[PDB]
Structure formats: C-alpha cells, structure tokens
A.B. asks: 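Starting off with a structure, shown below.
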Amino acid sequence: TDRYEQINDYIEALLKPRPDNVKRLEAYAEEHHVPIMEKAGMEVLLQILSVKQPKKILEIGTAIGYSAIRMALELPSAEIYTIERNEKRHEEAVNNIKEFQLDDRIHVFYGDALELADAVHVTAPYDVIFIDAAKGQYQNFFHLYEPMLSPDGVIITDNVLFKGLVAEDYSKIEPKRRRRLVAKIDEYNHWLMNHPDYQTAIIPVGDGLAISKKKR
RNA sequence: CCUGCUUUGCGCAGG
Ligand SMILES: C[S@@+](CC[C@H](N)C(=O)[O-])C[C@H]1O[C@@H](n2cnc3c(N)ncnc32)[C@H](O)[C@@H]1O
C-alpha cells in the first residue's frame, strides 16, 4: 500500500456505520463487482450536496441505484432523475429504489444518456448534474446536459483521476484502448479547468471528483 | 495475430 491507498483506507475506517439496508447494497455490489461510488468519494459528494440543498438532481449512470439512494436519503425533499443504459442494472435499480420506498422521488430512465436529452429536458432545470458513467464520454455529457443546469448549479464529474494514472506519465500504458481513455480524461480535465464560464476544483478523493459551478 | 467496439477489469466490426 502507498500513501494514497493508506489515506483512503484510513478515511473508510473513520466512517460512521451506514443503515443496514444501505449496507446490503454495498455488500451486493462488492460480491458482484458492480462498480459503485467509492465510500470516501460518496461522503464528499453527500457533504457538498448537504451544503447546496439541491431540489433537483440529474445523475448519468445509475448502476444499481446506490448513489441515487444515498442522495435521496441525505435530501428528503430532492427529486432525482437518473439514467442507466444497461437493461439488467436498470431493472435492479428500479427494484432497489422500490424497496427503499423512494420511487416517488427517484426516476430511472433506460438508455444511453447521449440519446435521452429530450426526455430529460422535460424536467429541467437541475441544480446538480452528477456525471458518473462512460469514461470516454465526459465532454459529450457535459455539452449535452450543461444547458439544463440551474443558474447557481453544480456539475460534478466522477472518475477524473483514473487511479492516479491521469497524473503520471501514461504515454506507454498498454493496452492502447486504456492509454487512449486516460488521455481522453486528461483532455477533459484540461478543457474543463480552462473554461472561463465555470469555477472548477478537483478533489482527489476516491476516483477523483471535479466540482464545477457555473458563474453568473 | 494485429486494429475498432463492448466490459469495472469470451462475442461483434476491420486488416
Ligand atoms: C460507475 S457506474 C455507476 C455508479 C453509480 N453512480 C453508483 O455509485 O451507484 C457506471 C454506470 O453507467 C452506465 N453507463 C455507461 N455509459 C452510459 C451511457 N452512455 N448512458 C447511460 N448509462 C451509462 C453503466 O451501465 C454503469 O452502470
């Protein structure tokens, strides 16, 4: 283990216990290798949300519903619109949401987010947009959905550090597919951090968070 | 085998 790992493990060990039902979702994801947000990142996301107190949240990338559920439990008034392209995950998410009795406030679209803008627009604007899908597609999601953000909204992108690979010399990573993806995330970070219409900060927690707030 | 897709890490589209 290195510093980065040790720090992550230290944070996870300081966490307050989650409710048994949330614990079941975490254990399922771990058993089944469903990617779900890492624990330390999720806590930071939640705290940012608790400060902001958004009314409406758009999430790209539901998986089995874990991050949407946690957000909704943190924000009992919020409505969440989430998108998942994998039909089996979509089904699991819907079923988990129903078990938590949150289906009145969390609504899960099936399909590729790049093809669902018209649907999502019906319930725009969103005070928070959380991008948590498809490594190679962040800029595309941003351009498609940023016009739907409320005035003082925040856009949060997950997985902007790719295990630290983005911050190293990655020029000889194999296979090439992976090298190309790391380069594409590095590109996104540079593009988004340079953007004069947003104030963005990178948070090196979990897989790395970018928090972008739209200026006036 | 190699190149593109998919995946958090065997099947398509090419050479
Ligand atoms: C890392 S996971 C989601 C983690 C989830 N937010 C959580 O913590 O509970 C990424 C998910 O995005 C979905 N996904 C990938 N590309 C997508 C796209 N273009 N549109 C919609 N969903 C997508 C995948 O099927 C996968 O379930």
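So you know, we letter chains A, B, ... as the sequences are listed, proteins then strands, and number each from 1. What's counted below: heavy atoms across the whole structure, side chains too, no hydrogens, waters or symmetry copies.
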A.B. asks: Whole Å only: how far is the NZ atom of A/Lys88 from the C1' atom of B/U7?
C.D. replies: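 About 13 Å, once rounded to whole Å.
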A.B. asks: Are A/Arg177 and B/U3 close enough that a side-chain N or O sits under 4.0 Å from OP1 or OP2?
C.D. replies: no
A.B. asks: Distance check needed: B/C1 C1' versus A/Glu174 CD, whole Å only.
C.D. replies: 15 Å
A.B. asks: Taking the same atom, P, in B/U8 and in B/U3, what whole-Å distance lies between them?
C.D. replies: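 Approximately 22 Å lies between the P atom of B/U8 and that of B/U3.
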A.B. asks: Select base, sugar-phosphate, or nothing to describe what A/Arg178 touches, counting heavy atoms under 4.0 Å on all strands.
C.D. replies: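 No contact at all - A/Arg178 keeps every heavy atom at 4.0 Å or more from the nucleic acid.
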A.B. asks: Both A/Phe162 and A/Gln137 contact RNA chain B. Taking the nearest nucleotide for each, which residue is further toward the 5' end?
C.D. replies: A/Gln137
A.B. asks: Run the salt-bridge test on A/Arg180 and A/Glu187 with the 4.0 Å N-O cut-off and return the result as yes or no.
C.D. replies: no
A.B. asks: In whole Å, I'd like the distance from the CD1 atom of A/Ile173 to the P atom of B/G9.
C.D. replies: 14 Å
A.B. asks: Given atom CD of A/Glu84 and atom P of B/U7, what is their separation to the nearest angstrom?
C.D. replies: 10 Å
A.B. asks: Calculate the interatomic distance between A/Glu38 atom CD and B/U8 atom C1'; express it in whole Å.
C.D. replies: 11 Å
A.B. asks: Are A/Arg24 and A/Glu30 close enough for a salt bridge, meaning some N to O gap below 4.0 Å?
C.D. replies: no
A.B. asks: Between A/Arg216 and A/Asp152, does at least one N-O distance fall below 4.0 Å, as a salt bridge requires?
C.D. replies: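 So A/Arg216 pairs with A/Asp152 through a salt bridge.
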A.B. asks: When you measure from the side chain of A/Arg180, which nucleotide among B/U7, B/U8, B/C5 comes out closest?
C.D. replies: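 Side chain of A/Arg180 sits closest to B/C5.
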A.B. asks: Scan A/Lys135 against the nucleic acid and name what it touches under 4.0 Å (heavy atoms): base, sugar-phosphate only, or nothing.
C.D. replies: sugar-phosphate
A.B. asks: Between B/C1 and B/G9, how far is it from one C1' atom to the other, in whole Å?
C.D. replies: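 Per the computed distance, 23 Å lies between those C1' atoms.
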A.B. asks: Using atom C1' of each nucleotide, how far apart are B/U7 and B/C12 to the nearest Å?
C.D. replies: 13 Å
A.B. asks: Tell me yes or no: do the six-membered rings of B/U7 and its strand neighbour B/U8 sit under 5.5 Å apart at centre, with planes under 30°?
C.D. replies: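 As far as the 5.5 Å and 30° test goes, B/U7 does not stack onto B/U8.
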A.B. asks: Atom OH of A/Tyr28 to atom P of B/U8: distance rounded to whole Å?
C.D. replies: 14 Å
A.B. asks: Just the rounded figure in Å: distance from P of B/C5 to CG of A/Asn86.
C.D. replies: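 Atom-to-atom, A/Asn86 to B/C5, this comes out as 19 Å.
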A.B. asks: Salt bridge or not for A/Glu174 and A/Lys176, using N-O below 4.0 Å?
C.D. replies: yes
A.B. asks: Given that both distances must come in under 3.5 Å, which nucleotide forms a Watson-Crick or G-U wobble pair with B/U8?
C.D. replies: none
A.B. asks: Roughly how many Å apart are B/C10 and B/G15, using the P atom of each and rounding to a whole number?
C.D. replies: 22 Å
A.B. asks: When the distance from CG of A/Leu165 to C1' of B/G9 is rounded to whole Å, what number comes out?
C.D. replies: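 Spelled out: CG on A/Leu165 to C1' on B/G9 is 13 Å.
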A.B. asks: Would you indicate whether the side-chain heavy atoms of A/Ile57 and A/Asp127 approach each other to under 4.5 Å?
C.D. replies: no
